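In the block that follows, a single chain appears as structure tokens, in the form deposited in one PDB entry.
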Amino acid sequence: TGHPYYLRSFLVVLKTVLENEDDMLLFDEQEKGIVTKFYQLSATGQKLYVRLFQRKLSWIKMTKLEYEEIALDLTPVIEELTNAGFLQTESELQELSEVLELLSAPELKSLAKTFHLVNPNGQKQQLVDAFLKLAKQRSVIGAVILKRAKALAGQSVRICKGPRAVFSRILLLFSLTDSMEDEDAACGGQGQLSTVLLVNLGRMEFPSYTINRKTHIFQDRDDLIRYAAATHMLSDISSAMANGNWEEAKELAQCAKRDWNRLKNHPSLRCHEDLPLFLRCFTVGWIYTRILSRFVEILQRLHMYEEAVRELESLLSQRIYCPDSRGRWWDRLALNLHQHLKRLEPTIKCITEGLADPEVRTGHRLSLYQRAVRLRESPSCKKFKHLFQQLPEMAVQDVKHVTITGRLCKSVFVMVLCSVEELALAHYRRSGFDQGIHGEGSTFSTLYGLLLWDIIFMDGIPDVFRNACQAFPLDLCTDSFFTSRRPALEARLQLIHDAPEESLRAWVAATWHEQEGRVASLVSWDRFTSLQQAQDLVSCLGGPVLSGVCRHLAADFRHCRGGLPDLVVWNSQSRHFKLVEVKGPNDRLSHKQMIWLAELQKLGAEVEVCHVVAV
């Protein structure tokens, strides 16, 4: 008796966002009516709207619409939607380019024929450039082309962009808490649900926690609209870059740079600046800064390094937005000054201020440190003593390396075809470790989530849980996660350190039994093949190791989540384990990886780098 998957999900999105009065303040009466109009539709009207909401925004020939699960004849349904203001008809189709677009290339030929002034052959794009040229000069003949084009195209529908824009903004608000937020969304088509959410949201069961909110994110409807707009801008700039369209990207960035300067002094920014970091990420400012970051990337790719440096300096000169990015910025400033602008004095000042910055961390911190020693210990630099300046000797302990071979066929090897990691897994099986998981950071991260679940979903921290569909407290990736739960963390971390390998087995099984399936960002239910396999692994790893790992992930998940080895292997009977990073022929350790290995060693654990050489 249920709705189809896509309608359930879409329904869960609206429900979630509607139950917040905070959030509905950011919609006017007109806009809210659109939501009611939607609920007012029939099950069929609702189904059809969502289908088309999920598809690209443009005209669709009536003969290209078919959803048998909806209705064998869609016209009463289209009618309902056109009545309610959601859909529109070939009647409202008025722009020429649009009608030309909706026509098949054959149909564009026929229309090229029954119009004498046209050269009947050429690509679909060609004919269109032509027909549009024609109508721009001799306008009245253009109206005739339009008329016949339309009649040729037949009956058509298109989603109405006004009601659609409302749902985008509803989807956006749903997604600061869930969707887009868990690594920002591509959001093509104008703002649909992600495939994953569309398919699963309706079925997802979330962890239980208590919604408690005390602070507004957006000033008013206008604020939310400015944000939305920055979001769309950023997404486009990203997409440009993803497609190697750097000149386009540049222009957009520049344009976005101006807008953000036009918004300076605006009263809303006063309140934004005053939000806690875990909220401040949801402000126009944050998003523009994020844009300004892509801008340096863009400049750098166009080898415009002087400019890149200027932007980097701007970025670094403020502490309001994206403090987590400073490590990357500093590192990047340094690299540019050193390698491209070849300017060794500032390179040193840069490195020093960088290292003096409590915001730079793990990977980038190390990368800046290494740059300092490479420099201070160099001839063409020796003409100074400004890098002897009390640099903490932050060395990283070396780790046992090893090598194996595998016949080479993402590099695929033949053993059956397999990855570099699978090849190592094989080696470690013949080396006596009957068990193994290739899970990089998710193995540790799901252990951490299993062991600290109840702390992670703890009550008592205002603003971290704003609605029903979160898979994590909003501060999880903030310095504040730890600090806002200091007593409880220190407790549990300690209890883990001291725990016997049966305490661990039991704790894990507690969470597993009460939460299995519940959606939480740290935990992958399928990561371990069973609860027993999770139990075996915590027995081998033991209290002191697990405790150290959890401390890192809870102190600074943001800068620690990356770098954990590819592999965890263990011998069933000896209980001896090994944490292994697999490196194929052409890759070395990243800074994050070396920091993690040293740290795992310190916690007393067998860590190995395993290089595969190919035949």
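We call the rigid core the largest set of C-alpha positions that still match within 1.5 Å between the two forms. Numbering starts at 1 and runs along the sequence shown.
A second form of this protein, the form deposited in another entry, is not displayed here; the remarks below concern that form.
Per-residue Cα shift between this form and the one not shown after core alignment stays below 2 Å for all of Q30, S58, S572, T36 except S58. With the core held fixed between this form and the one not shown, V99 has its Cα displaced by at least 2 Å. In the core-superposed comparison between this form and the one not shown, the C-alpha atom of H401 has shifted by less than 2 angstroms. For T215, the Cα coordinates differ by under 2 angstroms between this form and the one not shown after the core has been superposed. Between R290 and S521, the Cα distance is greater in the other entry than in this structure, by no less than 3 angstroms. One change in the other entry concerns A520 and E599, whose Cα atoms lie at least 3 Å farther apart than in this form.
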